[PDB]
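Student:
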Amino acid sequence: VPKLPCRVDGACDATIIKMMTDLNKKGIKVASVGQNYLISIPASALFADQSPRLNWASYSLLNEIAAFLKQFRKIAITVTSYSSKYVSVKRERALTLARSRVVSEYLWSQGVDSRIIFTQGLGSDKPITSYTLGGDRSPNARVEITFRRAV
Amino acid sequence: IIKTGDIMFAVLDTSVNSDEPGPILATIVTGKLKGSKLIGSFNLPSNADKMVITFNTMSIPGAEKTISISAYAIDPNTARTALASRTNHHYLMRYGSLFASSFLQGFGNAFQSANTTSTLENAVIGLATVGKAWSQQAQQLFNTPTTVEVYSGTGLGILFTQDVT
Amino acid sequence: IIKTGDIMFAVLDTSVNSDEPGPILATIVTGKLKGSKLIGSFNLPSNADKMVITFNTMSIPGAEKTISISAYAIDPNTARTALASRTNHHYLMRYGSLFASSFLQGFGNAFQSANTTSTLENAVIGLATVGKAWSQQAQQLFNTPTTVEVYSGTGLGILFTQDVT
Amino acid sequence: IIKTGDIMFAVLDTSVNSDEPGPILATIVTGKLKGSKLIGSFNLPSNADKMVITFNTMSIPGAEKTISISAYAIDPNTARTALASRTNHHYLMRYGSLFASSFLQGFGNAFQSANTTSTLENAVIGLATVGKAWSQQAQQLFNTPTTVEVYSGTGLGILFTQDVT
Amino acid sequence: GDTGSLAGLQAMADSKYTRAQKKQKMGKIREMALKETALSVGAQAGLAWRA
Amino acid sequence: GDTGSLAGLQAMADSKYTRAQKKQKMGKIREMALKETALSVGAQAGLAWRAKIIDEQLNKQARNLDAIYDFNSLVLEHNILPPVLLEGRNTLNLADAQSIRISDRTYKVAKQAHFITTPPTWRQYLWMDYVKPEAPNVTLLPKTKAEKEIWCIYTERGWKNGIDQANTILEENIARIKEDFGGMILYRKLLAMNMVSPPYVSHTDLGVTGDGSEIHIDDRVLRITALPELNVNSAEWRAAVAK
Amino acid sequence: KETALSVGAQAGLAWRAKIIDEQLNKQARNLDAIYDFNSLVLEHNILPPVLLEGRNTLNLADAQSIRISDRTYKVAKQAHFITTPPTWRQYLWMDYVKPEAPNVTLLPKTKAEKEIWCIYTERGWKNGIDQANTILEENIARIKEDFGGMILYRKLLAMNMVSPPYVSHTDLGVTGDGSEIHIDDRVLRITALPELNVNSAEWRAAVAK
Amino acid sequence: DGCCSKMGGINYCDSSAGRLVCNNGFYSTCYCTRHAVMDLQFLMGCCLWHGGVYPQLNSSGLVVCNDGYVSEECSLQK
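Protein chains in written order, with PDB author numbering: chain CK, 38 to 188; chain PG, 862 to 978, 999 to 1046; chain OG, 862 to 978, 999 to 1046; chain NG, 862 to 978, 999 to 1046; chain MC, 27 to 77; chain LC, 27 to 269; chain KC, 60 to 268; chain CN, 39 to 116.
1) With the cut-off set at 9 Å, would you say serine 907 of chain PG and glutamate 1030 of chain OG are in Cβ contact?
2) Starting from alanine 1009 of chain OG, find everything on chain PG with Cβ-Cβ shorter than 7 Å and list it in chain order.
3) Between which two residues does the beta strand (DSSP E) harbouring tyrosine 956 of chain PG extend?
4) Can you list, in chain order, the residues of the stretch 918-943 of chain OG whose Cβ is nearer than 7 Å to any Cβ on chain LC?
5) Please list the partners that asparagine 162 of chain KC has in chain NG, where partner means a Cβ-to-Cβ separation under 7 Å.
6) Please list, in chain order, the chain MC residues whose beta carbon lies closer than 9 Å to that of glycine 1038 of chain PG.
7) Using the Cα positions of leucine 91 of chain LC and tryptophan 148 of chain LC, report the straight-line distance between them to the nearest angstrom.
8) Can you pull the chain LC residues whose beta carbon is under 7 Å from the beta carbon of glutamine 36 of chain MC, in chain order?
9) Throw me the rounded Cβ distance for the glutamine 124 of chain LC and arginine 248 of chain KC pair, which I believe falls under 8 Å.
10) Got a sec: is the Cβ-Cβ distance from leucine 32 of chain MC to anything in chain LC below 9 Å?
11) Please name the residue, chosen from KC/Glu254, KC/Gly187, KC/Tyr94, KC/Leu117, that lies closest to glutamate 111 of chain CN on a Cα-to-Cα basis.
12) So the beta strand (DSSP E) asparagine 89 of chain KC belongs to, where does it begin and stop?
13) Compute the Euclidean distance between the alpha carbons of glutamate 82 of chain LC and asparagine 199 of chain LC, then round it to the nearest angstrom.
14) Going straight from the alpha carbon of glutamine 1020 of chain PG to that of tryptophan 1015 of chain OG, what length do you get?
15) Flag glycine 866 of chain OG as yes if its beta-carbon sits less than 9 Å from any beta-carbon of chain NG, otherwise no.
16) Out of LC/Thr29, LC/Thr132, LC/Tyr43, LC/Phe141, which has the shortest C-alpha to C-alpha gap to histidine 104 of chain LC?
17) Output the boundary residues of the alpha helix (DSSP H) element that contains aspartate 130 of chain LC.
18) Pull the bridge partners of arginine 245 of chain KC from the DSSP assignment, please.
19) Can the beta-carbon of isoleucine 885 of chain OG be found closer than 9 Å to that of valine 877 of chain OG?
20) Between PG/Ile914, PG/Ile862, PG/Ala943, PG/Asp874, which has its C-alpha nearest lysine 893 of chain PG's C-alpha?
21) Quick check on DSSP: helix, strand or coil for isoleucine 921 of chain PG?
22) Where do the N-terminal and C-terminal ends of the beta strand (DSSP E) with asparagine 904 of chain OG fall, by residue?
23) Which residues in the same chain as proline 922 of chain OG place their Cβ atom closer than 7 Å to its Cβ, once the five residues preceding and following it in sequence are excluded?
24) Which residue or residues does DSSP assign as beta-bridge partners of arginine 179 of chain CK?
25) Tell me where the beta strand (DSSP E) around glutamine 87 of chain CK begins and ends.
26) Assign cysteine 177 of chain KC to one of three DSSP states: helix, strand, or coil.
27) Mind pulling the chain KC residues with CB within less than 8 Å of residue 148 of chain CN?
28) Compare the Cα-Cα distances from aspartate 52 of chain CN to each of CN/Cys41, CN/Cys42, CN/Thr71, CN/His88 and report the closest residue.
29) For the beta strand (DSSP E) that contains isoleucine 889 of chain PG, what are its first and last residues?
30) Residues in the stretch 141-153 of chain KC with C-beta within 7 Å of chain LC's C-beta atoms, listed in sequence order?
31) With a 10 Å radius around its C-beta and 16 neighbouring C-beta atoms as the bar for buried, classify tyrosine 933 of chain OG as buried or exposed.
32) Tell me the DSSP secondary structure of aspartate 81 of chain LC in three-state form.
33) Does DSSP put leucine 65 of chain LC in a helix, in a strand, or in coil?
34) Work out the CA separation of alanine 87 of chain KC and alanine 48 of chain CK for me, nearest whole Å.
35) Cα separation between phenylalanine 97 of chain LC and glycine 114 of chain LC?
36) Could you check the C-alpha separation between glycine 184 of chain LC and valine 38 of chain CK for me, to the nearest Å?
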């Protein structure tokens, strides 16, 4: 006990439940089924209008994401990007790929002790609704991040 | 092979005062030894606050054998070295005899001396002259120690001293 | 092999007074020797402020063996060589007996003497002659030392003196 | 090779009076000898000024061996020979007992003497006859020396006397 | 007893059971010089009666 | 202290630590003997109580145990306990430098097959022994609250240690019975695969026997001649496939 | 006295050691990146040997005796088999033990004693610091030596000035009795240790561009 | 200290996982078994990455590891 750690470092699951509740209060989707965890973020809350540029206000949200993400001992994080339909196919594919690349690059710069970060973006191939009113206003244009908690 | 320094329990059943040493037989009853007999006698302490029994003749039945373990006693229910006896036997007797003889001596001589400044003279007589021989006799017999006596109805415990085979 | 003069622990359990020397046993409880037993004695000091213990008969369990390391003990938690007991047994008794007998002697002789310049005469009588014999008996028994007593329930620490094998 | 007459240090933790010689210990804490220790006794002095430690048995662990260097003690950081303890233990008690018994003897005899030129006579009585026996007892027991005692936590420095290998 | 021997060992760490060690010394010896004798005489009477 | 030990030694140069040294050294000279006693009694109590709990829990789950470890169904046609087989895979050996030994598969016979009378159940492998000890003889006792509470916490440590020791013993026993059953099922597998000799028994039988003072009706003597063992003519091995 | 100085030396050695192990652990990934061994291992899990090269050496044997050599080469540790790549943790990780024993004899009582206590303590402290750094630089020198010898073997084998190791393996089918069997037997032996060559034709000259 | 705090609380210790179980269906961040997946990046002791300390002792304060190495950084100097 004086030489062995009583817990994993930086762990306060009370604070984890608090920040998870606060995340859903913000409206960023937190999904927990089994040991697989899903976080979903609307793209309008992250980028400009079909642009691969980070809004400068969003870095606080990103810091909150990393503070949550540092908690759980993990292996692999998958990042998927989804968009609307704007001009062509490969244009949307490229924009999604760039967006997922940027968030993966900043997160891998940050301290999340994964071993694997996979990233891909697919454009508008798997929508989550038939409601297609806006462009980036529509909720299907989004970024999802998934992982499996291990042990 | 009985290892050095253990505890067994037995029964003393005989009465003897600490005045005449004699053969007393206690009976080892529990532990490995059952029906074993133990003949010995006591010791006189310098001061009578305790009593121990010197026990040496230990025999077990079955075969015609008698080992020669000599060991000492520990108290049943107390594990001390005393005895269940009283100790107030010879204080009051000698003190009262001495004080009465002395008071008699004083009464005769001083109430004869204070005559200058019949039946009272006979009181002077009696205490005056029965005081002296009684006083020197009390000085003779004053040295009797307060005795103790073992019980003919009290068991015992035993600690070991050396080993056997 | 035990280092010459190291310290171990035991608990003594025998109850005995420092008037009748007798075998006392302690039992090593921790360290390398567990269940080892140790039988010895005591000796009396010139002044009654302490008590030191003889320990020479060591028996290690397991085999039919008995080593003869002769080593002494220290008092735990105060780190002295005494005994925790009572020593105020026989000061006030002998002092009071002597003073009472003396005061009796003086009362009888001087209160008879000062008559020049019945019941009071009997006070003179009683103290006059019970003083003297009691005074010389107190002079006889004045030299009795104040005892100490071992406890039946105290632990202790033991240092070594010589080497074993 | 340990040099003749060098300086080391140890710790004395066993408190013992200068009344009964026996096995006392220290253990060498610094210098070349760590884990080595030294047992022995003390010596009594003629006067009330010092105490020296009879230390004779040195032990170094590891192998079943014991060296035989005997050496004495020096004051840590003061370079003296005495013991840091009290020495005023038993002057005042014997002086007060002597003076009290003398004063009592004198009070009885002289205040009986000046009667030419009840309770006052009883004061004469009491001091008169309790003076004498107490005074001769004080003349008996006046000669007891004032002792010294080592402490239970006093470290010490060591001079050497002879060598070993 | 010894199921909650944590609590029992706390109770014997407390000094209220220390005085209980004395009162168990008196009854742990006198009964054992009686029980076997009682059993033997009961065996004798029962064997004769049943026979 | 001695952590930031320049500051630690300059702090221990202060005299309040020196006067606090006197009270702590006299305690430190002797007090450790209670810890061994507390650990001993905690080990005893925890081992006994955990043994009782696990024996009750094992007794609770009786039926499925006999369901899974059917020794009675495993016996051969002549009441023969099967032998014990072990198989090791991909073995490297470095006996020394400059010389390496390599094998991929190897097989060992541990217990040779033999006669039997009754199927050996799980109770001689998993049942734990229990006694009730009612003799706590604690010679050392605390005096104040500090030694009282360190006595309590050391008893907690001994309690947990006894529980862990019992669980270790249970793990060793369950591993033992698992590997014995694995040896039996491995023998069945290889005899199916035609890798070993099946056991072989001869028997003789005589009719009536004895004198006019003692008789038996028919006397049958059954003796096993061929202990099961692996073959080396591997070209006659029969392979397998699945679907 | 000097006891405070000595125990302060012990404490400073311990504290410098703990901080050194902390820093060495925290810088982790580039350490094993630069000290690869498993990329450098040979064909048969053989740790390749270590070689030493000296240039332009002169010896004076005694009065009026001198020898001059241009390049000398020496095999330090002979190559052998191995089952694991050696790592830097058996070269660089210092030991650590908390010293829990300040001997409570010479505690100060006067301010002059406190003064000499302070000064002797700090000079012992700096002694312990410098001793620990000396240990660390000896360790880093020895592991640099090991890796340099290994890579020099690699480039001598590139320059065709050492024999490669030679290995024969023998192959058997099933063996053993009816109770103990092994499916295969592969006995892997090395006959020729790698060693230098002495002739003149086989020297392979290098060039760059 | 409260491992499954701000939930229903501690359920029990799953020793296959070596982990506590909270009363809601989520894993704790504490442990219960010493056979647990714990990251270890700092160690104590002497003669590490060697044969260990020798059980025999020297007369001096020299300490010698079992594989022949001698550690001055554990030993006492002069």
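Think of the CB as a built atom: it goes at the ideal place given N, C-alpha and C, for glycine as much as any other residue.
Tutor: Quick look at the numbers:
1) By one-based count along the second sequence, residue 907 of chain PG stands at place 46. By one-based count along the third sequence, residue 1030 of chain OG stands at place 149. No; because the gap between Cβ atoms is not below 9 Å, this pair is not in contact.
2) Here residue 1009 of chain OG refers to the residue found at position 128 of the third sequence. In chain order: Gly967, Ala971.
3) Indexing the second sequence from 1 puts residue 956 of chain PG at position 95. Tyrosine 956 of chain PG -> not in any beta strand (DSSP E); alpha helix (DSSP H) instead, spanning 953-974.
4) Answer set for the stretch 918-943 of chain OG: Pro937, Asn938, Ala940.
5) Along the seventh sequence, read from residue 1 onward, the residue named residue 162 of chain KC stands at position 103. Within chain NG, the residues placing a beta-carbon under 7 Å from that of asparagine 162 of chain KC are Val890, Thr891, ordered along the chain.
6) Residue mapping note: residue 1038 of chain PG aligns to position 157 of the second sequence, counting from 1. Taking a Cβ-Cβ threshold of 9 Å, the residues of chain MC close to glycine 1038 of chain PG are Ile55, in chain order.
7) Translated into the one-based positions of the sixth sequence, residue 91 of chain LC becomes position 65. Translated into the one-based positions of the sixth sequence, residue 148 of chain LC becomes position 122. Those two C-alpha atoms are separated by around 8 Å.
8) Indexing the fifth sequence from 1 puts residue 36 of chain MC at position 10. Within chain LC, the residues near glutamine 36 of chain MC are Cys178.
9) What you label residue 124 of chain LC is simply residue 98 of the sixth sequence in a count that begins at 1. What you label residue 248 of chain KC is simply residue 189 of the seventh sequence in a count that begins at 1. The C-beta distance from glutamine 124 of chain LC to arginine 248 of chain KC rounds to 7 Å, short enough to fall under 8 Å.
10) Translated into the one-based positions of the fifth sequence, residue 32 of chain MC becomes position 6. Yes - at least one Cβ of chain LC is within 9 Å of the one on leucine 32 of chain MC.
11) For the purposes of this step, residue 111 of chain CN is taken as the residue at position 73 of the eighth sequence. Of KC/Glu254, KC/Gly187, KC/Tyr94, KC/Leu117, the residue nearest in Cα terms is KC/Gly187.
12) Here residue 89 of chain KC refers to the residue found at position 30 when the seventh sequence is read from its first residue. Run containing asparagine 89 of chain KC: none in the beta strand (DSSP E); it sits in the alpha helix (DSSP H), 88-93.
13) In the sixth sequence, the residue the question calls residue 82 of chain LC occupies position 56. In the sixth sequence, the residue the question calls residue 199 of chain LC occupies position 173. Approximately 17 Å, taken between the alpha carbons.
14) Position 139 of the second sequence holds residue 1020 of chain PG. Position 134 of the third sequence holds residue 1015 of chain OG. CA-to-CA, the gap between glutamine 1020 of chain PG and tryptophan 1015 of chain OG works out to about 10 Å.
15) Here residue 866 of chain OG corresponds to residue number 5 of the third sequence, with the count starting at 1. Closer than 9 Å to the CB of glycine 866 of chain OG there is at least one CB belonging to chain NG.
16) Within the sixth sequence, the letter at position 78 stands for residue 104 of chain LC. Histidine 104 of chain LC has its Cα closest to that of LC/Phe141, out of LC/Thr29, LC/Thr132, LC/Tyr43, LC/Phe141.
17) Within the sixth sequence, the letter at position 104 stands for residue 130 of chain LC. It is not in any alpha helix (DSSP H) - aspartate 130 of chain LC instead sits in the beta strand (DSSP E) that spans 125-135.
18) By one-based count along the seventh sequence, residue 245 of chain KC stands at place 186. According to DSSP, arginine 245 of chain KC bridges with LC/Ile128, KC/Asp230.
19) Translated into the one-based positions of the third sequence, residue 885 of chain OG becomes position 24. Translated into the one-based positions of the third sequence, residue 877 of chain OG becomes position 16. Yes, they are a contact pair.
20) As a first step, residue 893 of chain PG is located in the second sequence; it is residue number 32 there, counting from the start. Closest by alpha carbon: PG/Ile862.
21) As a position in the second sequence, residue 921 of chain PG is number 60, starting the count at 1. In this structure, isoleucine 921 of chain PG counts as coil in the three-state DSSP scheme.
22) For this step, residue 904 of chain OG is matched to residue 43 along the third sequence. For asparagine 904 of chain OG, the uninterrupted beta strand (DSSP E) run begins and ends at 898-904, by DSSP.
23) In the third sequence, counting from the first residue as 1, residue 922 of chain OG sits at position 61. Excluding sequence neighbours, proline 922 of chain OG sits near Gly896, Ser897.
24) Position 142 of the first sequence, counted from the first residue, corresponds to residue 179 of chain CK. Per DSSP, CK/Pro79, CK/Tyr119.
25) One-based indexing of the first sequence puts residue 87 of chain CK at position 50. First-last for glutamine 87 of chain CK: undefined, no H or E at that position.
26) Within the seventh sequence, the letter at position 118 stands for residue 177 of chain KC. DSSP, reduced to helix, strand and coil, places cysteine 177 of chain KC within a helical segment of the structure shown.
27) The question about residue 148 of chain CN has no answer, for chain CN in this structure spans 39 to 116.
28) Working through the eighth sequence from its first residue, we reach residue 52 of chain CN at position 14. With distances taken between Cα atoms, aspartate 52 of chain CN lies closest to CN/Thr71.
29) Counting from one through the second sequence, the residue named residue 889 of chain PG turns up at place 28. Looking at the DSSP string, the run of the beta strand (DSSP E) that includes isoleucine 889 of chain PG is 885-889.
30) Cβ contacts with chain LC: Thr142.
31) Numbered from its first residue, the third sequence carries residue 933 of chain OG at position 72. Flag for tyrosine 933 of chain OG reads buried.
32) On the sixth sequence, position 55 is the one that residue 81 of chain LC refers to. Collapsing the DSSP output to three states places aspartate 81 of chain LC in a helix.
33) Here residue 65 of chain LC is taken as the residue at index 39 of the sixth sequence, counted from 1. Per DSSP, reduced to three states, the secondary structure at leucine 65 of chain LC is helical.
34) The residue given as residue 48 of chain CK occupies position 11 in the first sequence. The residue given as residue 87 of chain KC occupies position 28 in the seventh sequence. Going from the Cα of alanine 48 of chain CK to the Cα of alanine 87 of chain KC covers about 23 Å.
35) Counting from one through the sixth sequence, the residue named residue 97 of chain LC turns up at place 71. Counting from one through the sixth sequence, the residue named residue 114 of chain LC turns up at place 88. Approximately 24 Å, taken between the alpha carbons.
36) Position 158 of the sixth sequence, counted from the first residue, corresponds to residue 184 of chain LC. Position 1 of the first sequence, counted from the first residue, corresponds to residue 38 of chain CK. Roughly 14 Å separates the two Cα atoms.
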